[PDB]
Amino acid sequence: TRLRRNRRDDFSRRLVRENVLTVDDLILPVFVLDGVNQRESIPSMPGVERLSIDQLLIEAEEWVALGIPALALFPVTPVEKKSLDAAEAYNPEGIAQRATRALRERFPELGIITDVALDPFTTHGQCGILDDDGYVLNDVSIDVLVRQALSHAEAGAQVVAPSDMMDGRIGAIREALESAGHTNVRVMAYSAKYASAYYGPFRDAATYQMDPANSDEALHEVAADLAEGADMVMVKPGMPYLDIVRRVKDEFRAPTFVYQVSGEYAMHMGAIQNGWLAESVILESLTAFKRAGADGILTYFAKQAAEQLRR
Amino acid sequence: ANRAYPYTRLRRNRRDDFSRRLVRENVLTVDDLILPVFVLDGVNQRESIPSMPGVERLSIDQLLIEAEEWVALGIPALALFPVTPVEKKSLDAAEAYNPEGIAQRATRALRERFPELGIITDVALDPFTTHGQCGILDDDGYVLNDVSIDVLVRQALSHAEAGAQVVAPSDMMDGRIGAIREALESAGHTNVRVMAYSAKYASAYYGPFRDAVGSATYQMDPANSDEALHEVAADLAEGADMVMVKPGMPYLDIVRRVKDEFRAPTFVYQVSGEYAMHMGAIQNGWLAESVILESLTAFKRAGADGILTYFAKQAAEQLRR
Amino acid sequence: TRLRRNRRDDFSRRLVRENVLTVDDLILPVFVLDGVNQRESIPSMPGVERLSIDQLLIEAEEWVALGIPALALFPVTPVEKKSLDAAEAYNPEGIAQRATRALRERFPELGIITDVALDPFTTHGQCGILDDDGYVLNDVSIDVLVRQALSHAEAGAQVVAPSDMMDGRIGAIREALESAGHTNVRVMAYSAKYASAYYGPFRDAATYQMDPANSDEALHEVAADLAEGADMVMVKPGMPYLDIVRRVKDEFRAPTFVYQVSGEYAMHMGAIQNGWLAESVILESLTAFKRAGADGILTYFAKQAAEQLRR
Amino acid sequence: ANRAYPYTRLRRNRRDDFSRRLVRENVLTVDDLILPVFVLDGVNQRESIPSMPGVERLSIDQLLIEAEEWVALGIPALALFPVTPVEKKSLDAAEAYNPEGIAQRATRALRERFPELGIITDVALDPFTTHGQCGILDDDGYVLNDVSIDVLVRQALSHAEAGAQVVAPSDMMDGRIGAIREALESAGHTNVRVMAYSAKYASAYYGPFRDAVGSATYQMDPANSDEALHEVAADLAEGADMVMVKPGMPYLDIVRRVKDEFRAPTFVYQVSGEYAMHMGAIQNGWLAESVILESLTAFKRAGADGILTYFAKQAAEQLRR
Amino acid sequence: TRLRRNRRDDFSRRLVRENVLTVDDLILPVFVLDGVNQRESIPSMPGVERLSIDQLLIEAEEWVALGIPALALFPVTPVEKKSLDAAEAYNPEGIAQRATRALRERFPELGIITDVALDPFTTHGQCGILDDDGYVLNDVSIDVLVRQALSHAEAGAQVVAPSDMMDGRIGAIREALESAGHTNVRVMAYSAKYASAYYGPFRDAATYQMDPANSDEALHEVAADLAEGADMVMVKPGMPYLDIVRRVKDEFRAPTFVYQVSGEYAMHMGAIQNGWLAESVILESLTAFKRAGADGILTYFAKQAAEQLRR
Amino acid sequence: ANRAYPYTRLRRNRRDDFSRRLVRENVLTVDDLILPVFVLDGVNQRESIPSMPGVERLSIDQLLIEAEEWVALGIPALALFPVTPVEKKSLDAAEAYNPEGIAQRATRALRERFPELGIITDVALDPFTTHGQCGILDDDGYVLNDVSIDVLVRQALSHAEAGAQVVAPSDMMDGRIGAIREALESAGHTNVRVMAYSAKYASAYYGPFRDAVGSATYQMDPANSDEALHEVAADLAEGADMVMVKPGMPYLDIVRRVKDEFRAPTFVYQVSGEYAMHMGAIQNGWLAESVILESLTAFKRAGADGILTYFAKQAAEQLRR
Ligand SMILES: [K+]
Ligand SMILES: [K+]
Ligand SMILES: [K+]
Ligand SMILES: [K+]
Ligand SMILES: [K+]
Ligand SMILES: [K+]
Ligand SMILES: [Mg+2]
Ligand SMILES: [Mg+2]
Ligand SMILES: [Mg+2]
Ligand SMILES: [Mg+2]
Ligand SMILES: [Mg+2]
Ligand SMILES: [Mg+2]
Ligand SMILES: [Zn+2]
Ligand SMILES: [Zn+2]
Ligand SMILES: [Zn+2]
Ligand SMILES: [Zn+2]
Ligand SMILES: [Zn+2]
Ligand SMILES: [Zn+2]
């Protein structure tokens, strides 16, 4: 008995290979700008641009041609549209709802996953509506999140992804989608979303997010979201939490998603550009997700990877 | 879970092609396919097999030609099965270790021409015996376990000498994986893999194979599942690098228990009769061709790492669309 | 230690045999024609005939004499009786309800399992009522399925078997059976029914059926149907899904059924007729089910097998 | 599950005979039955056993006659228990390996006459010792473990020489399964099975057996269950092909743990006193005869593969209706 | 390594002994006759007598002195008091209710466990009220069982033990006990009660009882009764079902009881009287229960065993 | 379960003494008690131990007198701990195997007088070394593993020669259980049990023991639990018949994991400091005496089969009421 034997030759290695990454596993997050004919580079994320809707529709031709199953939209809210009440979240003319209708019309088979969250619409930037002590009120925030989820479903979104970490929001959003007849709008719960330093570059583009030290607690997060009606559950961030992906997949045997966040992408790309890491690291970082038990991966590398995989 | 309707509606992920693709748990690729091939003596020879429509016995020169195609489609390996001329079949099965045997020649030829292509030889003696039973017989007409194994060792080494990267003892004698592993090791063939036919049942699904090659006390009872786990545990302990379940689809439960219990490289053979019944149904217009991919997907879903299948070329063609 | 020892002799083999198939495991599916004195051979399924009720009652004498515990009825709906609303599903004079009353009268101990499904009664052939996009509406279809299940129970059926793959239908049907006093009508849920090519010959005789790639998902299907009140759960198709039978039996320890579908039967019979497989394959294919954990098997071979087992 | 009344009503499957049959989890067949038989010296001899009503000690000629019936009913095997003439009982138990001993003769006779019928011999020395204890005694009056085993090996080989397909060391010495396995192997008896009496308790349920054959520091404490799993694990490691729990019904929990833990061929002995108490109750009219099948079903339900039972013939008769 | 070592000497055997039977494990079932100064021997159960209440109170002095924790009462209903409606079940002057009040008064620390069942009060002997087909109606029987359970609690019984095998009866009885303020009356559910031949002698003294072949099904029985509020769960019969005791204890880790039924006692006693088994078999049969995972044992041997254990 | 208030009220079983008794999961008996005893040289000698109030060092004659009482109360065994005169303490610890050592004499004396009473000797060398460390020291002042074991083997045999039914290697060297088992076996002492001190921690709870007998690189880190399972697995593999956790109450979790993982005879030592802190609190009137039974119940509840406890006599007295 010697484990080096199946490694000796590529064919044996290929036969015993436990996981394979394909384009079916890739979800491309995209930053969406208001206006027309807008493209902006993000210095903290090389190779990634914020795009106005007209320019998103053009780039999406190639994403659809590459086989990318879905996009996750993250609108870039004009400063003037942020408020205490986060009303723009549910504006039928907000960027996300306009972008959803445009993409659903132009590319009917492309999955659109919208972001249900109040932080892009509050002046203070927090994931909810504040009480008089500056604490994010859970239930009152959920009422706004519910209206937002409904406006996404009305715009045609096949998937709504509540990223807010309010307790009970998955059931509250499900109940509203069910009462309104949006029977088939999927809910992708950000179940175990951690208070992480890896988010730094997304912001350029503790009382509610999880403590990085906690593993068991993630299981209780996901059990609640499945009970409350999530069709998919997600871990965020990604690589730094692969152990959490593995336990969530092993324990619940449900569709499990993972977000390779902006910071993870920045780190990898910076190292690649400096010549410190070979470009093959991209596919390796993506394989790690599959190996850990992810069914799908939100990654800003989705285009580059779909290109390498198509060849 | 406490997943309850209508909060939970399992049809939502199924509503669109994109979400189905995102949640799809298993996918078959060409890296999962092994093509078994019947190899003739001689030159410019092909023969059709009546009970295996579309499958041909091939002389080595013809095998080299088809293999060109198989390599381009990305098939990682072949399992070679010689078709022994009746003259060379003896009482003591010496043609097995003959280094000018079909297997050994076919192996040298493919190893020279396609270096990256895996070759899996058959370590057995039923194809080299007049009597046609799996090993040397005693006077009662019953397979001797250990006498059978002195021959098997010799055949195994002859294959490694030919360049075979994998030998596959299909005989179902006890303790043979260790005996061959020991012989390969001390002879210095430390990188030759052993793919044990661990859970091999006494099945009616083998009918057409006997027609392909010209030919219960050792093979497993179809009723038994736990027994299969004891068989596989002994072969891993004896040094098997990979273990196999045979037949295939009729034993998908075994594949799944064997994978769950050992988390070892696990292989399954879609045998001749499985191929014949699918193909016949496809030819009568009773089933659609997409049944081929479905059958193979089932193996992946059950936990198989690789699949020995006569559909390997068609499946590889279909996967490339 | 040598595992060949208990195989050496038939008596030891018999002692250590882990599973045995008996007639108690066999359910015969039967195709039922309208009219009188009708018998039709099915070319895609040799040895199987569609039968009018009068002829079904005659053949059932031998099925009862052989010990076959139950029949599963599949009516062959006249073209003219198919409609958009699938109303014939719940017709007290439909074939299935007439056939049930006739069999319950003539053979009171023989189990009758009816098929709760809309596909034999829709002009478009889909398992439900369509919305204006051509998608099978879940809840509206369940209302029709409920009326059908009630009409089967009124006809005397001891078991109703919802084959439709609508979410929630098992609980909706249970609730209606319980409210109407049909306290003991069993519900045999088709829990994990896959979108399969093996069904081709039944049709001669994706958004709701399961993807063949998915295993874990089958567990969630069956957990819901048990919670919703199924007395038995079923996997369909059969042989190609024995791994699913095994996991369902191991995980839930509930009465587990499997359908050896028309395609599986065709494949086996064709091969037998061509001389490619020995006839002993029939009992081997049936044993595989038992070994995998099935308690019962719907098989078109039920008659042939009960004959081989009686000897 | 979240199975809740009234959505879930467990009586629905029980409402009709047909649904009960469909969901029935276990079924007893004749393939599960082993008939233990007390074998006399001599010719045209039968003796009734007072504490085992309906069971007869049988000379070999009589055993051959009854076995005709047992074979026709499909009983797969007998467990032979010789009734040693008091003359042949010695200090060093040499009658054990005597090839004209009852067991060895009875075995040759059944193996010649009914070739397909399994014979399971008893490897022990309590029946061949003046003292009546299970093995050679030292001067303190206590069973020597390893000295006992030098005799057992010899008896075991004498049975295999007679044609016994299974030997069953019932002694409860440690390390004896390996010692016998080693001796059978090197003597070339590679297909003789060893059915280890693995979990054998110090039970009051054995009373009548001592009456049948004329006759705590080794047998297990009735209070212990985990201990049984350690006993069985050692016997499998030592080469046992099958393991047994004895007594039976009073230890159904052990049968179930032993099956769940090892997934190995597991046997259980419904001992003399179990038979006597059921039969006596049946004769007094206190229990119905259907108790026989119920008792046997319980073993199957618990996980037993085979059952050593004095009811084997009656049960086989009842199963055929 | 040799397992015979700890067996060599009694002290080691005693140290490693995994289970011990004590009097705390014993519940004595008792047959109660109407009238005064009545004692009747039971030929099918030697050493056991039916007793009128006055004579039960006398014998109970010795049962209490021996440490027997509880009695299970089984009234011997006068023929004239049996009816179609089973009304005597809930009669405040029925034998069981009179016997309960008398024992609760005289021996306040002795546990009384009453039998909630309709079979001793129906003219036909079945465990419920029949419909017009001769089938035991489940829900209607539960209404009578509920009134009976209430009459036991009013008489002072600390434990009511529903032996009837009606689905849902444990929750229905719990709900009624809770609504009436009988907050602490324990419910000992006969969860897995099998249709058994071992009951023959009790009768002297299939559509609702379990099939002896079924194991898994017992787990579903007990899961329902725990969910519905049972404080204790029981397997009946005993020895023939020790595998069921073991799995119930392992799976649920709840207070588990077992009934060594009349037939088991008869068999053992007959054999002892004929000299076929030593008297030590009694303690061995009782130890088997403890070893299998029973917390308590209903046994007619409770007196004899408490005597052997006291010495 | 889906057990929910108010359908489920866990106080109902607690409402009366009878139901509490019926559901009581564990019960302590005298069969669970082992009395450790400090044994003096000489005659008519008793000494009080300041840090162990109520416990006396006893010359063998006095030990024989008290043991009368211990045997009548049903205590199954004693664990002997000699108190070595400072003269007999050497560099190479030879007093260990001296057959006129306290242990060996005390053992012969109890084995003759109370044949049924179990004696568990201490196989160690810290009590026989001038330096006071557990084994022969090298020049760095660190315990040599294997040199220590050559002495231990010799002490072990000397105890078996004295009649000790159990030896208990308390040293915490690796591989010592196998070395002693091997030596006992080949010397013919096949029934001497080995009770391995498997999970023995580097604890502050041992303070008073050192006072009782006059006296981190080997003992386990208190922070570690998984490590304990690896220790116990090696000792079972090496032939231990019983394994022990020490200290006790501060390690009840270890007792529970060790029992759950191996289902082997598992013992726990309520060490000197556990005894001292309870007893002191009882003497100050801070805790009631019933704490003794509570502490012992906890061991049973945790899964201990037997408990080495200085409270053994008081507990046995209390259990008899
Ligand atoms: K995927
Ligand atoms: K693979
Ligand atoms: K069945
Ligand atoms: K069997
Ligand atoms: K108890
Ligand atoms: K103990
Ligand atoms: Mg949450
Ligand atoms: Mg093998
Ligand atoms: Mg469903
Ligand atoms: Mg043993
Ligand atoms: Mg119930
Ligand atoms: Mg150690
Ligand atoms: Zn947010
Ligand atoms: Zn072969
Ligand atoms: Zn349908
Ligand atoms: Zn014996
Ligand atoms: Zn009743
Ligand atoms: Zn020490």
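One is the number of the first residue shown, and numbering goes on along the chain from there.
Yeah, the Cβs are placed from backbone N, Cα and C, and that goes for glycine too.
Taken from Swiss-Prot, the feature active site, schiff-base intermediate with substrate applies to A:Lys193, A:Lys236, supported by experimental evidence. Residues annotated as Mg(2+) binding site in Swiss-Prot, with experimental evidence given as evidence: A:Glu221. Taken from Swiss-Prot, the feature 5-aminolevulinate 2 binding site covers A:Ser262, A:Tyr300, and the record attributes it to experimental evidence.
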How many Å lie between the Cα of A:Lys193 (active site, schiff-base intermediate with substrate) and the Cα of A:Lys236 (active site, schiff-base intermediate with substrate)?
5
Tell me which residues of the chain lie with their Cβ under 8 angstroms from that of A:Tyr300 (5-aminolevulinate 2 binding site), as long as they are six or more apart in sequence?
A:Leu28, A:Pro29, A:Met45, A:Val48, A:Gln260, A:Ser262, A:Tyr265
Secondary structure at A:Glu221 (Mg(2+) binding site) (DSSP, helix/strand/coil)?
helix
Rounded to a whole angstrom, what is the C-alpha distance between A:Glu221 (Mg(2+) binding site) and A:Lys236 (active site, schiff-base intermediate with substrate)?
13
Need the DSSP three-state call for A:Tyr300 (5-aminolevulinate 2 binding site) to compare against my parser.
coil
I want to check the contact list for A:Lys236 (active site, schiff-base intermediate with substrate): same chain, sequence separation of six or more, C-beta distance under 8 angstroms. What comes out?
A:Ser163, A:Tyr190, A:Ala192, A:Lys193, A:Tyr194, A:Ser196, A:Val258, A:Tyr259, A:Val261
Using Cβ atoms only, which of the recorded positions A:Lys193, A:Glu221, A:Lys236, A:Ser262, A:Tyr300 are under 8 Å from chain C?
none
With H, G and I counted as helix, E and B as strand and the rest as coil, say where DSSP puts A:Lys236 (active site, schiff-base intermediate with substrate).
strand
May I ask you to report the DSSP-based helix, strand or coil state of A:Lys193 (active site, schiff-base intermediate with substrate)?
strand
With every protein chain in view, what's the tally of Cβ atoms within 10 Å of the Cβ of A:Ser262 (5-aminolevulinate 2 binding site), excluding that atom itself?
25
For A:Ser262 (5-aminolevulinate 2 binding site), the three-state class that DSSP assigns:
helix
Please list, in sequence order, those recorded positions from A:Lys193, A:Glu221, A:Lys236, A:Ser262, A:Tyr300 with the Cβ less than 6 Å from ligand 4.
none
